[PDB]
Amino acid sequence: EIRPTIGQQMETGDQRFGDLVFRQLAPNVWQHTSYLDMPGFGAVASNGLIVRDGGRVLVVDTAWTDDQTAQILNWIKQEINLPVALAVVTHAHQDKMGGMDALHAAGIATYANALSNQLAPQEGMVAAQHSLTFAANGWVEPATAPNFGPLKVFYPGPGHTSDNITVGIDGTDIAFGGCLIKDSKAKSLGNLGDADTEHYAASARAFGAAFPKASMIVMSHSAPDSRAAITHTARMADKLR
Ligand SMILES: COc1cccc(OC)c1C(=O)N[C@H](C(=O)O)[C@@H]1N[C@@H](C(=O)O)C(C)(C)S1
Ligand SMILES: [Zn+2]
Ligand SMILES: [Zn+2]
């Protein structure tokens, strides 16, 4: 089994498939986990989501690479056997957008914050094919997110990056914080190289308030946690100001 240097370990309830791990979170929701080997350091796990919505599947975040992302699509075909309608990617970093070309080669419609698409070329990424825009309170403009089914996209403000977005899964008690949110026992906020240290705490709290009844908080580099992940992340971020 895969034992990453950074990221949750494999536990009961995880399925290894190729180089990835998949974990069912709800009857219609799975977490995908992929690993980037860094020289001298070992593997860094990154998580995203797969959601079944009737006769189609929706994806949140790519894997770190195109080949890993193709493996996610192969898991979906094996385990669910339904077409992927769209993917939402949650900011212009490799862990979230590194596999765009695999989605595009598969014919999957891709969506990201307009700002992520504008930043992608600067970050060594390929832009999504569609841009999401947001209201002044963070909620996505619905005409930009057509036919998103249960995915409720919210821009919480600058934090981990200026472009980070989050996704609630309507009809469940799950919300996805991506790299913005760290787990309740984390010692650090991760890579702050692109972060907005002034606004981070408010942005973490705004994610909590956008999805006030989400009890299972999914994030990029830890196992799903309680809402203490949100509150702890904000408390860490209070120290940055
Ligand atoms: C353009 O992106 C990259 C290029 C090369 C290597 C990378 O990660 C090792 C990445 C890249 O995607 N870096 C991200 C980032 O900088 O936020 C990752 N997310 C961080 C986080 O959630 O705190 C991390 C797990 C410490 S690294
Ligand atoms: Zn990032
Ligand atoms: Zn990350």
Side-chain angles (χ1 to χ4, degrees), residues 2-9 19-21 31-49 59-69 72 87-103 110 112-113 115-128 132 153-167 175-197 199-201 203-204 207 217-225 229-230 232-237 239-240:
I2 314 250
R3 295 185 202 275
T5 301
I6 294 290
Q8 74 287 343
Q9 302 306 294
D19 301 303
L20 280 77
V21 167
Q31 184 180 259
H32 66 77
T33 304
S34 64
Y35 299 94
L36 183 71
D37 297 310
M38 298 194 71
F41 186 84
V44 183
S46 184
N47 306 325
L49 289 176
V59 173
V60 178
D61 289 337
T62 72
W64 290 100
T65 70
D66 288 323
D67 182 65
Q68 295 160 4
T69 301
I72 292 175
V88 173
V89 299
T90 64
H91 67 279
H93 283 160
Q94 192 189 330
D95 52 354
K96 311 288 81 193
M97 285 185 78
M100 295 304 296
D101 290 333
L103 299 179
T110 55
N113 187 347
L115 178 58
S116 306
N117 291 333
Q118 189 165 8
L119 287 173
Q122 308 177 58
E123 289 297 326
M125 302 295 113
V126 172
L132 299 177
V153 186
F154 179 73
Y155 174 66
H160 168 72
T161 58
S162 61
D163 63 321
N164 56 24
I165 63 170
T166 67
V167 187
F176 182 72
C179 304
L180 177 73
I181 303 297
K182 271 57 181 185
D183 73 269
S184 63
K185 313 303 181 279
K187 302 195 265 134
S188 97
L189 290 167
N191 196 354
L192 293 171
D194 288 345
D196 181 332
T197 59
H199 298 124
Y200 200 134
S203 299
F207 165 70
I217 306 307
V218 180
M219 67 212 88
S220 290
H221 308 294
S222 299
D225 201 7
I230 300 168
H232 181 69
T233 293
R235 286 183 73 78
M236 289 192 290
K239 299 189 195 83
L240 301 174

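If you read the sequence from its start, that first residue is 1, and numbering goes on from there. Atoms within each ligand, like the ligands themselves, are counted from 1 in listed order.
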Within a strict 4.5 Å, meaning less than it, do heavy atoms of the [X] and [Y] side chains meet?
| X | Y | result |
| --- | --- | --- |
| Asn47 | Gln8 | yes |
| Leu20 | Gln68 | yes |
| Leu119 | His93 | no |

Protein-side N, O or S atoms sitting under 2.8 Å from the Zn ion (ligand 3) are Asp95 OD2, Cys179 SG, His221 NE2
Grab the two heavy atoms, one from [X] and one from [Y], that are nearest each other, plus how far apart they are.
| X | Y | value |
| --- | --- | --- |
| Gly98 | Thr62 | N-OG1, 3.1 Å |
| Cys179 | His91 | SG-CE1, 3.7 Å |
| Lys96 | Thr90 | CD-OG1, 3.4 Å |

Hey, what polar pairs (N/O, under 3.5 Å) does ligand 1 make with protein?
residue: ligand 1; atom: 2 (O); partner: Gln94; partner atom: N; Å: 3.1
residue: ligand 1; atom: 12 (O); partner: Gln94; partner atom: N; Å: 3.0
residue: ligand 1; atom: 12 (O); partner: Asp95; partner atom: N; Å: 3.1
residue: ligand 1; atom: 12 (O); partner: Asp95; partner atom: OD1; Å: 3.3
residue: ligand 1; atom: 16 (O); partner: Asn191; partner atom: ND2; Å: 3.0
residue: ligand 1; atom: 17 (O); partner: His93; partner atom: ND1; Å: 3.0
residue: ligand 1; atom: 17 (O); partner: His160; partner atom: NE2; Å: 2.9
residue: ligand 1; atom: 19 (N); partner: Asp95; partner atom: OD2; Å: 3.1
residue: ligand 1; atom: 22 (O); partner: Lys182; partner atom: NZ; Å: 3.0
residue: ligand 1; atom: 22 (O); partner: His221; partner atom: NE2; Å: 2.9
residue: ligand 1; atom: 23 (O); partner: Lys182; partner atom: NZ; Å: 2.8
residue: ligand 1; atom: 23 (O); partner: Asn191; partner atom: N; Å: 3.0

For the CD atom on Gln118, are there more than 12 heavy atoms of other groups (residues, nucleotides or ligands in this structure) within a distance under 6.0 Å? no
Q) So, does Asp225 use its side chain to make a donor-acceptor pair with the main chain of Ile217 at under 3.5 Å? A) no
Exercise. Look at the rings of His221 and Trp64 and say which category their plane angle falls in: under 30° parallel, 30 to 60° tilted, over 60° perpendicular.
Key: tilted
